[PDB]
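Undergrad: Okay, here's the structure, questions in a sec.
Positions of Cβ are generated from backbone atoms using ideal geometry, with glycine treated the same way; all protein chains shown enter the neighbour counts. Coordinate-derived values only; no laboratory data.
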Protein chains: 4
Amino acid sequence: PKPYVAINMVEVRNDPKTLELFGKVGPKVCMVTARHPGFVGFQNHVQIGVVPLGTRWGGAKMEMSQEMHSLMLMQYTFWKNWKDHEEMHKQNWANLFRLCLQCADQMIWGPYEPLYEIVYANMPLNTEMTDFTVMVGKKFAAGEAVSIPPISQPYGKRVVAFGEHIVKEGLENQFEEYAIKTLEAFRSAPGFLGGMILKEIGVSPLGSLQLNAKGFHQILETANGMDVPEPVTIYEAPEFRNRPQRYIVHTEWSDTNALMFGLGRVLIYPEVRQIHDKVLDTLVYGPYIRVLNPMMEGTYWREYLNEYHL
Amino acid sequence: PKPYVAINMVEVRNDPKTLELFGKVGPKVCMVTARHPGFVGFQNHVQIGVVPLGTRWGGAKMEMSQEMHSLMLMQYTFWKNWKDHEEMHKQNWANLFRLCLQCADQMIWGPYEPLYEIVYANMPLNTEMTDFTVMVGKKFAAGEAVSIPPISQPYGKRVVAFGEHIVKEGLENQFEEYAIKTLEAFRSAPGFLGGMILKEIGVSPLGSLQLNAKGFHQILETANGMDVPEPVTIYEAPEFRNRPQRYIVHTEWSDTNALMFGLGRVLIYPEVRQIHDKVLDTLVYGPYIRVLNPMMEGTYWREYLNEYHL
Amino acid sequence: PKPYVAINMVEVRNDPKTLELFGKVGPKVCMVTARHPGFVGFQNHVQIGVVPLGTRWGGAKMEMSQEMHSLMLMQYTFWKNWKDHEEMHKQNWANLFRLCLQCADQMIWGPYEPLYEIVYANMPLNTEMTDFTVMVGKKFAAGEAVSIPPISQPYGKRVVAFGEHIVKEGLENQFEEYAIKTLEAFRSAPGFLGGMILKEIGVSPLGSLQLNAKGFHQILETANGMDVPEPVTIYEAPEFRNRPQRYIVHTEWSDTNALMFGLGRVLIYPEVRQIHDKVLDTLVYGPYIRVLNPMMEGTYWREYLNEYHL
Amino acid sequence: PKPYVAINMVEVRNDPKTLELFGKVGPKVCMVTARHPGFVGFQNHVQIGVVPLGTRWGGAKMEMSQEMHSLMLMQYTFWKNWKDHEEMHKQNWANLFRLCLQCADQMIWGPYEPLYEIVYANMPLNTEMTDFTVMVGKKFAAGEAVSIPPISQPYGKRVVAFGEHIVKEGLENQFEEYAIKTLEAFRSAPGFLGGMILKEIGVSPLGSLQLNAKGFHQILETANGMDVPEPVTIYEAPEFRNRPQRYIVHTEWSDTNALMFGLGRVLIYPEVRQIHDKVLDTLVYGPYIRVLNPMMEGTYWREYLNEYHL
Ligand SMILES: [Fe+3]
Ligand SMILES: [Fe+3]
Ligand SMILES: [Fe+3]
Ligand SMILES: [Fe+3]
């Protein structure tokens, strides 16, 4: 089935101390999150750049991570229902608060965790280059050679285009129809590894460290998280649902050149350009496309999505 | 059929003199070992690191071999019966003792050679990236497309997870049932190249240089092995069988990232986590996972195991 | 009386960060351990080398600690009964787990805590070079000039030979008889400071961080130990008793030269060589002798052993 | 059909001037040689090392070309009949002599051109890594999936083992039977790209610059080849046929590691070792195995050999 996505967004310092926190805190958060049975996987990203679109953002590059002082992280977690994510944060609040405060001396902005519903998904199983013989052998034996997916390599060997779209009130049905048609047109592009369309349905309060006045002061006052705040919030997740409607267009590409000319088909390929013009006529903001590197992954979330493994 | 494994374990210095002994003594030992008809192959490893499991062993890294003063070597030899290995060491004792003493000025600990029985094996044929066209062509012509194995590249192009498990008395049947189910669950992980479960059944006395009192003094007294000790031991191999039962969980991965997130499924994937919880409830020691690099290989041992070549 | 010994074995990184943990965590562990009345003292060691025995381990030296990337630590604790050690770990589990996890980012292997019974002991009171006038004055006034011990200087001013022996089933009575006679023969060697023979009787589960499946996951998931695992183990200490029988032959020497030629009397002194030949005829593994430096000590454990102080 | 091979052997200096002669003279020689219709292709090699076989030639390495002062070149030309090669050299003698004398200030030994008959051949079509989709698609459409060859990459992306064997008089039938069985056993080795067995049938006089006394003096006297010697020789090619019989065992491997452990199966794999023991019992000289790099190739000679292209 289609899972629900929580996207944890943080800005951290770009220094060697922070990349130690990728391997010493990141796995522990995933292990605490995996105590809940509704957890079906994760995909963690570091922003490496921005699609400039010619000179529209000409100060930005697709690979600019070596020059930035701060790193944007997008940590996806996938859930059977979005209430499973809110139940996970409440039941594991002491362990998760203490782990998140280990990243405190690196954190610049955040955490901010909007919740998303998957509107459309074409996301294949992640395979290494050593695994494609198993993949095409199983699909040929099942008579499904026409549905053999591309080789989507896990753990930092592909790039993600993170496309932010804010759609005018009343034009959400027109966005979703033609953004789907745009992503089906990307299937012809070389290096396209798959795509999904995410629709924001709320913001997690506990994942965003948004408590009431007593809880907010206990966050500021605690020594390394030993003094755990009482996890009382003033809102639940659908009460912070941003209007007008936010959409993420998430597409995966084998490299940044395939991303630049593949996504560029909405500008340079005239048949795809008329399709994406209907998307552009619904937007109050966007498109702004961040380039992400999926470092740490829980690739079995695509096994839940595609209802098939290996 | 399933062969028996002798695992020769030595600690040697990490210096350029030692890596000359890989190419000037290592092949000679394999050639003396191949005088016996029960010898079916070998697989030689160098430990390159330890799986840290978050911060459980936080001073350890998966790739730490450039910083270590000493190298752990695990030299597997594969045998039609474990008595063939003990017969080989007795019949070729003078040549093997002299070759092992060429590594003497580098050796820090060892040699220690426990003998193992293969409980479970899913170990495919080793193929290069130039050989997969032959592999999928032969399996399609035989109507076995569903059993096409992953590309397991020989000679240092993959990594080995060496998982040490000591199982409580009486819980060996529960370990073997659910460690098998854990290794079948690894088939879904990207970059999984195969696995086997080894059960310790004894320790070779001649392979461990364990003689009686007269033989031990002749080992210390000899000049470069020219004075060969009489190979009289005080025990045979099943008389040194460690209780409680030692198990090796040997899994092969395309790279260390595939190893870290693949083996990590027993911590972060909730369906595999319940399976491996039954493994953890049988352990008096472990799991401790070393990361090994298979440098020198006798890959035809998998032809004996899978009863098929090419 | 003869106390029981728990030997905590860890491998840590050899870096200046680790030697800060000797003085900032080590004393706190000893202070938590001293809450129990059955605690009678401690002796903490760092491995500085290996006895090479000619060229048997020729890559090893007696003083090689300046070149090693990792340090082996042997932390002895002495107990009136071995159940007092298991009762101490359960009652002080939260404080001890949190202190042990301060060493986590340095730890490579371990912790592993086998429990030992003292078979034989000739271990004198530790005296400084300023204290021998008190020692010989008290022994002359008591008419015990014939039992005046050697000056065994505490706190890093002597070396320890850590002799590992694994004895065949049924030959444990022959080992203990002639290993005692070997240690009485060491009394004639210059620089011999005393010796004891330790017999492994079990492995502490809490001291080895060996919990059940829920406890093991809480060890991996916790942030610096603030989230304390429930200390439920699947075994008690005599249920992990290694067969065949492990022995430690622990001897103390004034320097490494006295150690090398003193222990070498089992090879070069013909009267002691026939005695130790009966020890060698019982061994399935060994002898392997590590060289240890006793840095931090609780020297009053010898006051309990010898039933006399000063 | 099976072509005939002329192998031009020269020793040249290892300097940057010589590698200019690879690209400025080498192609011109191939273009003059292609004037004859019996020319079916070429394969030019540079020796990069020697198989040491443990310490049998321990001063030699498989990759030692960066340290050598001189380069051995083996330039294969393939012919429909060996008389076509002798007819080519006589008809194009002025152009070929002038091109060969452009390499004169680099040449140390040679040229020496023995002629060979192909006894056995398993030499697939050369394909790039971009061409395997065409190769497996054509073989599946023709119902020949069982005979899909390995990917043999042209132009320096594989290595050649050049195995010299001199066989006793009367044992040539025993050599050819079991050297064929050895090369069929190499089909199981990883990275084996194919093999052929060459039998020396003569030495080309014009290709070896072996003229009569007047022609030899005109070779020494000429200014850059403008003064062309009269190509009168004292012998034809079967009159210089070396006795006892020379054989080349030519095998191709994806890399030097695949070569070392693949060819090593005649020493370490006991089933192949008994086969190659019958080869060794026919040899008065050898085996001596040079490691060659096939830089410049005329890969369409395998299209003539396998009677099929693409
Ligand atoms: Fe969350
Ligand atoms: Fe062995
Ligand atoms: Fe303890
Ligand atoms: Fe020629």
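Yes/no per residue for (1) of a type outside the set (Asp, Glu); (2) surrounded by 14 or more Cβ atoms within 10 Å (Cβ to Cβ):
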residue	(1), (2)
A:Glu200	no, yes
A:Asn224	yes, no
A:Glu236	no, no
A:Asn257	yes, no
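Undergrad: While we're looking at this one, here's another question. Just one of C:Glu128, C:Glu87 is away from ligand 2 (no atom under 16 Å from the Cβ), outside any helix (DSSP H, G or I) and surrounded by fewer than 18 Cβ atoms within 10 Å (Cβ to Cβ); which is it?
TA: C:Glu128
Undergrad: Does at least one position in segment C:113-121 carry a residue that is surrounded by 19 or more Cβ atoms within 10 Å (Cβ to Cβ), within 12 Å of another protein chain (Cβ to nearest Cβ) and touching a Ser or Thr at 6+ places or on another chain (Cβ under 6 Å)?
TA: For segment C:113-121, residues surrounded by 19 or more Cβ atoms within 10 Å (Cβ to Cβ), within 12 Å of another protein chain (Cβ to nearest Cβ) and touching a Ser or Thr at 6+ places or on another chain (Cβ under 6 Å): present.
Undergrad: Ok, one more. Could you check A:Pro37 against (1) within 11 Å of chain B (Cβ to nearest Cβ); (2) closer than 20 Å to A:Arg98 by Cα; (3) away from ligand 1 (no atom under 14 Å from the Cβ) and say which number it fails?
TA: Going through the list (1) within 11 Å of chain B (Cβ to nearest Cβ); (2) closer than 20 Å to A:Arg98 by Cα; (3) away from ligand 1 (no atom under 14 Å from the Cβ), A:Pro37 breaks only (2).
Undergrad: I need the full set of residues from segment D:128-176 which are more than 30 Å from B:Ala145 (Cβ to Cβ) and basic (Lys, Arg), in order please.
TA: D:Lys168
Undergrad: While we're on this one: Within segment B:22-29, can one find any residue that is part of a loop (DSSP other than H, G, I, E, B), touching a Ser or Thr at 6+ places or on another chain (Cβ under 7 Å) and touching a residue at least 60 places away in the same chain (Cβ under 8 Å)?
TA: Within segment B:22-29, none of the residues are part of a loop (DSSP other than H, G, I, E, B), touching a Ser or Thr at 6+ places or on another chain (Cβ under 7 Å) and touching a residue at least 60 places away in the same chain (Cβ under 8 Å).
Undergrad: Return only the number of the condition from (1) crowded, with 20+ Cβ neighbours inside 10 Å; (2) among the hydroxyl-bearing types (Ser, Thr, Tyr); (3) touching a residue at least 40 places away in the same chain (Cβ under 8 Å); (4) assigned to a loop (DSSP other than H, G, I, E, B) that B:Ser65 does not satisfy.
TA: Among (1) crowded, with 20+ Cβ neighbours inside 10 Å; (2) among the hydroxyl-bearing types (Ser, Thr, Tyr); (3) touching a residue at least 40 places away in the same chain (Cβ under 8 Å); (4) assigned to a loop (DSSP other than H, G, I, E, B), the lone unmet condition for B:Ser65 is (1).
Undergrad: Any residue at all in segment C:278-285 that is free of Cβ contacts under 8 Å to residues at least 60 places away in the same chain and within 11 Å of another protein chain (Cβ to nearest Cβ)?
TA: Within segment C:278-285 (the criterion being free of Cβ contacts under 8 Å to residues at least 60 places away in the same chain and within 11 Å of another protein chain (Cβ to nearest Cβ)), the answer is yes, since at least one residue qualifies.
Undergrad: A further question follows. Might you let me know whether segment C:192-214 holds any residue that is over 30 Å from C:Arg158 (Cα atoms) and either within 14 Å of chain A (Cβ to nearest Cβ) or of a type in the set (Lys, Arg) (or both)?
TA: yes
Per-residue answers, yes or no, for (1) closer than 23 Å to B:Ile180 by Cα; (2) aromatic (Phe, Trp, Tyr); (3) out of contact with any helix residue (DSSP H, G or I) (no Cβ under 6 Å at 6 or more places or on another chain):
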residue: B:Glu87; (1), (2), (3): no, no, yes
residue: B:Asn92; (1), (2), (3): no, no, no
residue: B:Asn95; (1), (2), (3): no, no, no
residue: B:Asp105; (1), (2), (3): no, no, yes
residue: B:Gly110; (1), (2), (3): no, no, yes
residue: B:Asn122; (1), (2), (3): yes, no, yes
residue: B:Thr127; (1), (2), (3): no, no, no
residue: B:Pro154; (1), (2), (3): no, no, yes
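Undergrad: Pairs needed: first member in segment B:127-141, more than 7 Å from chain D (Cβ to nearest Cβ); second member anywhere, assigned to a helix (DSSP H, G or I) and hydroxyl-bearing (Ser, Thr, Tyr); C-beta distance under 8 Å; at least 6 residues apart or different chains.
TA: B:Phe132/A:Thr133; B:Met135/A:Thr133; B:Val136/A:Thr133; B:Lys139/B:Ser147
Undergrad: Of all residues in segment D:131-166, which are in a loop (DSSP other than H, G, I, E, B), touching a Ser or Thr at 6+ places or on another chain (Cβ under 9 Å) and hydrophobic (A, V, I, L, M, F, W, C)?
TA: D:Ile148, D:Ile151
Undergrad: If I filter segment D:1-13 down to residues being surrounded by fewer than 18 Cβ atoms within 10 Å (Cβ to Cβ) and outside any strand (DSSP E or B), which single residue comes out as farthest from ligand 3 (Cβ to nearest atom)?
TA: Looking at residues that are surrounded by fewer than 18 Cβ atoms within 10 Å (Cβ to Cβ) and outside any strand (DSSP E or B), I get D:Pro1.
Undergrad: Based on what the data block shows, is B:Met62 under 18 Å from the mean Cα position of the chain (by Cα), within 17 Å of B:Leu115 (Cα to Cα) and within 13 Å of chain C (Cβ to nearest Cβ)?
TA: no
So that you can scan it fast, the table gives a plain yes or no per residue for (1) facing another protein chain (nearest Cβ under 10 Å); (2) of a type outside the set (A, V, I, L, M); (3) crowded, with 17+ Cβ neighbours inside 10 Å:
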| site | (1), (2), (3) |
| --- | --- |
| C:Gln47 | no, yes, yes |
| C:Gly54 | yes, yes, no |
| C:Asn81 | no, yes, no |
| C:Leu101 | yes, no, yes |
| C:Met107 | yes, no, yes |
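Undergrad: Sticking with this one: Looking at (1) buried (at least 22 other Cβ atoms within 10 Å of the Cβ); (2) touching a residue at least 24 places away in the same chain (Cβ under 8 Å), can you tell me which one B:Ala34 breaks?
TA: Single failed check for B:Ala34: (2).
Undergrad: I'm trying to understand the selection: among the residues of segment D:38-62, which are touching a strand residue (DSSP E or B) at 6+ places or on another chain (Cβ under 6 Å) and either outside any strand (DSSP E or B) or without any contact (Cβ under 8 Å) to a residue 60 or more places away in the chain (or both)?
TA: D:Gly38, D:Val51, D:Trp57, D:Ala60, D:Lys61, D:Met62, listed by residue number.
Undergrad: For a quick check of your reading of the model, give me the residue pairs whose first member lies in segment A:201-217 and is touching a residue at least 24 places away in the same chain (Cβ under 8 Å) and farther than 19 Å from A:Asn95 by Cβ, whose second is of a type in the set (D, E, K, R) and away from ligand 4 (no atom under 16 Å from the Cβ), with beta-carbon atoms closer than 6 Å and at least 6 apart or on different chains.
TA: Within 6 Å, the pairs are A:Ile201/A:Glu117; A:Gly202/A:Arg241.
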